[PDB]
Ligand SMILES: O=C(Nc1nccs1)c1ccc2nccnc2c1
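Here's a solo chain for you in structure tokens, the form solved without the named molecule.
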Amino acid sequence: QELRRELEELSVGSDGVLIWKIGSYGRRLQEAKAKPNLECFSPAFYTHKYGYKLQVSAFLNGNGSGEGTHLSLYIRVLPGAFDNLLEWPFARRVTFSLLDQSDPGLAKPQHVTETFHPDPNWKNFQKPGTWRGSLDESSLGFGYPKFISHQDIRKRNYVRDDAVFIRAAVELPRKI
């Protein structure tokens, strides 16, 4: 128990890239194969200083159409202290990658990567609320239920030293 400190959370900013390391993949996976929809949370991060506050979540064992077979990957908007200064709904392109942990000087790494434009009609990409059906419900998270198969996750070095890296790159436009 300790106050404001853990305003480190406000110190978490990107590039606008977050790389999120999930350690204990062995224990976590089984723990999630044990209990359905056990969900891993990334630290919250700001797309950019005074920007949108997002967070990534992973289902190591899958969720929905990917339960028990796939890694499921989503992102979500969180209420951030500068929302009123930002355009809404959130509309930046988002790229997820599961990282191939290989030395880029032995063999070029093959990351597992998908990108999307958010859809304006997803309630979670409009301003932190504003009640808009918080009891819809469905995933408070937009993303891929079949991001990578438990089969494919074991190839190459997507898992290494018992950890995966999740990258989420938010396209940071500037050209008016």
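C-alpha atoms forming the largest set that superposes within 1.5 Å between two forms make up the rigid core. Residue positions are given as counts along the sequence shown, with the first one as 1.
Keep in mind the form deposited with the named molecule bound is missing from the figure; the text below concerns it.
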Quiz item: If we take the named molecule as it sits in the deposited complex and superpose the C-alphas round its site onto this chain, is the site open or blocked, where blocked means 3 or more ligand atoms come within 2.4 Å of a backbone or C-beta atom?
Solution: blocked
Quiz item: Does every residue of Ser57, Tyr74 and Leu140 put a non-hydrogen atom within 4.5 angstroms of the named molecule in the deposited complex?
Solution: yes
Quiz prompt | Stretch in contact, per heavy atom within 4.5 angstroms of the named molecule in the deposited complex, of 25-33, 43-51, 140-148, 107-115 | solution = 140-148
Quiz item: For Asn61, is any heavy atom within 4.5 Å of the named molecule in the deposited complex, or not?
Solution: no
Self-check item: Shift of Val12 between the shown form and the other one at or above 2 Å (CA, core fit)
Solution: yes
Quiz item: Given that the CA-CA distance for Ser11 and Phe59 shifts by 3 Å or more in the deposited complex, does it become closer or farther?
Solution: closer
Practice problem: Specify closer or farther for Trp20 and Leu10: how their Cα atoms are spaced in the deposited complex versus the shown form, given a shift of 3 angstroms or more. | Solution: closer
